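Reviewing the structure listed below.
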Amino acid sequence: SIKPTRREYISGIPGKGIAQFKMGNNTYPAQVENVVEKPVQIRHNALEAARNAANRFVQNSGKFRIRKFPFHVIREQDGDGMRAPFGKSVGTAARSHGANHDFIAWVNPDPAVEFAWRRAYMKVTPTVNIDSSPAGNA
Amino acid sequence: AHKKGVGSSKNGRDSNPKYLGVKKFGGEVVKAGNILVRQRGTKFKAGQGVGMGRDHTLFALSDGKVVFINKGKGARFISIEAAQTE
Amino acid sequence: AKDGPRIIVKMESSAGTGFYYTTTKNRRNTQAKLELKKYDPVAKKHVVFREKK
Amino acid sequence: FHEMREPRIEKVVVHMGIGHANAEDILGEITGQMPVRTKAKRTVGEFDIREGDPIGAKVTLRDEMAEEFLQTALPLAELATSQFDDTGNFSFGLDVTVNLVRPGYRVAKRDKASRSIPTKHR
Amino acid sequence: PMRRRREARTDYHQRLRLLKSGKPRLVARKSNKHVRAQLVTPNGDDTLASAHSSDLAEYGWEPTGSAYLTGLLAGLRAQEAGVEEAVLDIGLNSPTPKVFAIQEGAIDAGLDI
RNA sequence: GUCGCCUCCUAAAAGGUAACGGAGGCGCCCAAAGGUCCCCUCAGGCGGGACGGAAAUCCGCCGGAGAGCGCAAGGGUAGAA
RNA sequence: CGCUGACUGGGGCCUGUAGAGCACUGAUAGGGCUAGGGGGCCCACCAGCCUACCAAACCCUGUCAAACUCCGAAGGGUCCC
RNA sequence: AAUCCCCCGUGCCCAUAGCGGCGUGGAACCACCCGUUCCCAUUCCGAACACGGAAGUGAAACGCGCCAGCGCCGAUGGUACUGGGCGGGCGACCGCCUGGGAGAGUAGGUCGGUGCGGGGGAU
RNA sequence: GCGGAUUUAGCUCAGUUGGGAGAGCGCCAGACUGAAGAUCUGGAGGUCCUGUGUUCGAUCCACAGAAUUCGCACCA
RNA sequence: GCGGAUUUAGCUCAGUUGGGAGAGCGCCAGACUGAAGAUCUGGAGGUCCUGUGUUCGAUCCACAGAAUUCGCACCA
């Protein structure tokens, strides 16, 4: 699972650069959401993005909440050629542990936001699972 | 005629800590428990540790030896039933 | 040893004659011509002991 | 029990301290329990950067001694108000304070069952 | 902290100091009102009420003497058992003039210290 | 570039293993951090007053010690180093 | 030398990854309480006032760590039977 | 002098004893207490350490009890991880067969349990 | 570290009769200048490297370190 | 992409107990002059590169990163 050099010697202590979590609107019952099943150092950027474009197409009430966030990263070409490879960082994310609670399209009756997220999945990358929560989606 | 930087690259060397004699074997007036040399041995087994309880070493002679804090210096004697009248 | 005119200077100390000496490392750092303590040369035992050398 | 809460002295300091030699000797003569403590810091709000000097003066004085002082020293101070702080206690003047002594004070001294001094007793 | 590192005052460990060895914990527990010591010796040892201010009433000779005797006797009681050389036990405070007192006891008590 | 040596991580849980794999320290020093005997109870936060408005100095409360230990880390650990 | 050996059954004593966990630490998100900077208002030494923008720290809803772990197994070890 | 109730020195089990809220005890016990020439003693005062002693008091430390709010302990059924055996997918990986089986998560549990000696308290 | 060379005012240096602490500046001031500079006047200049000793008296003589400097000594 | 060094009040540059910061040439006010200028008279002034770490406190001590000037990129 190769990971980095340490949380403060190589590259650890950042903001990772992205676009925060919550959007949409509340909602007590209606369980509208999204998660996955795929494993992948979720492509930060790709990530950040994606989700966002999500808001881009909707706007307001639909828990545009989203429970992800990278925090480590790769490295490669920088220096001699191919041999004794030092390290030049770039591209952090987070392991999407073979499925789990993604982001939530949560609200009473507002599928006008379900389709949204939908548009949100379309995007993304690793396939994605379209779903509902305790109760379903109203 | 000097050395460089931006190459962290700094292997590390060797140690060799252990519990030698582990818990409850033929006890011999020799290096008891180890994880801090200069150590200052003790009397019989040890049971004090950043854990709670204690450890017996059904082995008794002169003494053993500590490790500075870890393990837990000896003192709670425990010659062992194998220390009575021949 | 590694003779380093760096506040690092090796010295000994006689036994009022008790005869010979005994090992010691030092540092002008403080108290220069300062250096006394007892021991026991092949000479009986004990004996004042200046260190200077 | 009205024979409890009802007070009975308890400490009472009175000191001073300048980014400095002797001034505390004017301190010794007014009482008898010399304060020798070291203030510090490291800046230039007075030229007190020196972070490890002996300037802090504090002539501790509870009971007995303090009495002679509360006495011969309580007349030249003119106020009696506000300067009354919560924690049953207060500080006026060139540097002086004194603490109340309700019945539930001490306990706060124990290494054990150190009752964080309730706020209904003090 | 561990129970004995957040309270304060004691030194029990300066008791365990002598624990290592030397003999009976001729430990002398004090409480002004009087003095009371036992004899904690190694191995989940025990004691033999060697000397107490009440054992034989609390007299009326205050500190001084009290000790002077409580000890002696104490020392007397024990050396009947079969001890001999017992290690002292400052139990607490500094071998105050009390302390020192009792102390005498032992010593004079013939129970070597 | 780099070779010695001290620590972490890598070692998959005894021990121990490459990598031009990760990060960071050392070729000092301290005559008094030496030996014991005797005493001490940290950081910090809160509340009250001099010179003081970060940041002291004292006084009164709260405290698995998070301070403390010449130096890098890691173990330790106030009972105390 | 001759039943001691790999291995299994039993018995102690250890390691503490994977996992999990948040009180140690360092991230990090939605938010509440708040004071630091605002910000608009009496013109503003006013340091009195309201509040929609950024925050520190405490509180609730949440989440990542090889050089984090109050928690903790798979298993391996070692002496004896 | 070889039984229980109590207090006192005090030990083991390293919070099912801690925090704190109310309360109770002083005949006995213990402290606080009363003073300070001499023992010793505070870098400042006999606050703490300390020598001598009644009255006064249970306020305080303190000891037994009640209170779950903070904490601490913590099952059963349960899911991860996995020693061993064998299958699917090029794929990061998925699954099965057999013994092991935690933390957190609701129940609930806890306001210690127990040694030896001393003073009494039960002819 | 083996040997030689010296030790004085802010800088650079004299100082041999063992008794005065000196010179230059350089530096400060006065005079002069429209001012400053140049010249003339004047003044200061002090841990005589430290300590101890010798001496009626020490910069001076004696005893270690000392520091600066030059040469040299190099198979741990 | 690799190694050295540099990014200080407009400009060229100095500082190794680090603990307290300048030099020459600009810029504004006052004199000299009918007038500018050169030249005598005083002052105003800086993240010692961006963001951090050791440390009582450092920009001068140390670790990354952007911009700067120079070297290296050669053998088939």
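A few notes on this one:
- Centroid-to-centroid, using Cα positions, segment A:36-56 and segment E:76-109 are 80 Å apart.
- Simple label model, 7 Å out from Cα along Cβ direction - E:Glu7 to E:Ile107, nm: 3.1 nm
- Ordering of A:120-126, A:5-11 by packing [mean C-beta count within 10 Å, highest first]: A:120-126, A:5-11
- Residues listed by number, segment C:6-28, amide nitrogen under 15 Å from C:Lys37 label point at 7 Å toward C-beta: C:9-15, C:21-28
- Calculated FRET efficiency for the pair D:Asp111/A:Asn108, C-beta based, R₀ 56 Å, to 0.05: 0.45
- Among E:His13, E:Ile102, E:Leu88 - extreme Cα towards positive end, dipole of chain E, charges at beta-carbon: E:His13
- Proximal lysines to A:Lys88, defined as alpha-carbon separation beneath 16 angstrom and excluding residues fewer than eight positions away on the same chain: A:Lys3, A:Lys16
- Unit charges on C-beta of K, R, D, E only; dipole of the protein assembly as shown, Debye: 3060 debye
- Amide N of segment B:16-32 lying under 12 Å from the label point, which is placed 7 angstrom from the Cα of B:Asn70 along Cα→Cβ: B:16-20
- Highest-first arrangement of A:76-86, A:16-26, D:56-66, C:4-14, where packing means the average Cβ count within 10 Å: D:56-66, A:16-26, C:4-14, A:76-86
- Here the dipole of segment D:45-122 is about 820 debye; that uses its Cα centre as origin and unit charges on the Cβ of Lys and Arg (positive) and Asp and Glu (negative).
- Shielding by partners, peptide A:118-124 (average Cβ within 10 angstrom, other chains): 0
- Given B:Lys71/E:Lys23; B:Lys73/E:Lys33; D:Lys41/D:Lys109; D:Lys58/E:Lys98; D:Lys58/D:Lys109; B:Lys71/C:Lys10, the pairs whose alpha carbons are separated by over 31 Å: B:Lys73/E:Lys33; D:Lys58/E:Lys98; B:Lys71/C:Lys10
- The Cβ shell under 10 Å around E:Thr41 holds other residues with a net charge of 0, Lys and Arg each +1, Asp and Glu each -1.
- Listed peptides D:70-76, A:100-106 appear in the order A:100-106, D:70-76 once ranked by packing, highest mean of other Cβ atoms within 10 Å at the front.
- Packing-based exposure ordering (other Cβ within 10 Å, fewest first) of B:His2, A:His72, C:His46, D:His20: B:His2, C:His46, D:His20, A:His72
- Dipole magnitude for chain E: about 880 debye, using +1 per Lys or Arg Cβ and -1 per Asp or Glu Cβ, origin at the Cα centre.
- Nonlocal amide H pairs with D:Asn89, under 5 Å, H built at 1.01 Å: D:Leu100
- Residues of segment A:49-84 with amide N under 20 Å of a point placed 7 Å along Cα→Cβ from A:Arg7: A:68-74
- Remark: the B:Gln84-B:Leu36 segment gains 14.1 nm on full extension, using 0.36 nm per residue and subtracting the alpha carbon distance.
- Cα-projected label distance for B:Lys23 with C:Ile7, points at 7 Å along beta-carbon direction, nm: 4.9 nm
- Neighbouring Cβ atoms from other chains, within 10 Å of the Cβ of residues in E:4-10, number 3 on average.
Where a number appears in this text, it was derived from the coordinates with a stated rule and is not lab data. When we count neighbours, we look across all protein chains shown, and the Cβ atoms used for this are built from the backbone with ideal geometry, even at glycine.
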